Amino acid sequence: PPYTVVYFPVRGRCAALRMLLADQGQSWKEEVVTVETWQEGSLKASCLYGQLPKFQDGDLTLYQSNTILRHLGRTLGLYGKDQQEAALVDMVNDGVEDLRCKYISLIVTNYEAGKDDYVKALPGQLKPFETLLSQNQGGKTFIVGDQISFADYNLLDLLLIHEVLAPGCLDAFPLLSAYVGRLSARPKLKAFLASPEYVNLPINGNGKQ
């Protein structure tokens, strides 16, 4: 620290890392980039891959939302107990990323025509995470092992936004459903999720969810 998040005024790809920081009792600054500022081009030209989020951790500048999550995971001890658990954490996170990419593609490029197909496909996309829970202490703790990892925050966000996209998509998955409630009830995360800094942001940039 100090931590600074540089992003558009949306939840988007910063939603998980923010929940992680909040739940872990961390402070951070939000630096907001508007569409009009971004379009000027100067900040963009300055970004490693021409994209946001950009994250500052003291004198470390990072790009890439999953790099930020892994960095915070490593430095705050949210990466499993073992090298083997570490591997499982990554496997979960990469799964979350794949589905997030499909979600973003729908939202940004094909919402109206694509939604029906996406929703029909959704149970089979959610099922792997229910299966992972079923294989770890009866679904009663976390996605990997017996402590929270960065993948938990990422998966929680993915599940939250899919309940907005498709209300009741978790009803067929008792472990995922209970998991969402149990993690959302963690006191620091509960407060953050109720706070204007979360509540008063849209999920995406184009008005769709």
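Note that residue numbering begins at 1 and tracks the sequence as displayed.
Taking the PDB entry as given, 21-29 carries the higher mean Cα B factor of the two stretches 21-29 and 5-13.
Higher mean CA temperature factor, per the PDB entry, when comparing 117-125 with 86-94: 117-125. Comparing the listed residues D152, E163, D171, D146, the entry records the largest Cα B-factor for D146. Reading the B-factor column for the CA atoms of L175, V35, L156, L69 in the entry, the top value corresponds to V35. Per the PDB record, residue ranking by Cα B-factor puts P167 in the middle third of the chain. When the modelled residues of the chain are ordered by their C-alpha B factor, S184 lands in the middle third. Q39 sits in the highest third of its chain by CA B factor, as recorded in the PDB entry. In the deposited entry, the Cα temperature factor of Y79 sits in the middle third of values across the chain's modelled residues. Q51 sits in the middle third of its chain by CA B factor, as recorded in the PDB entry.
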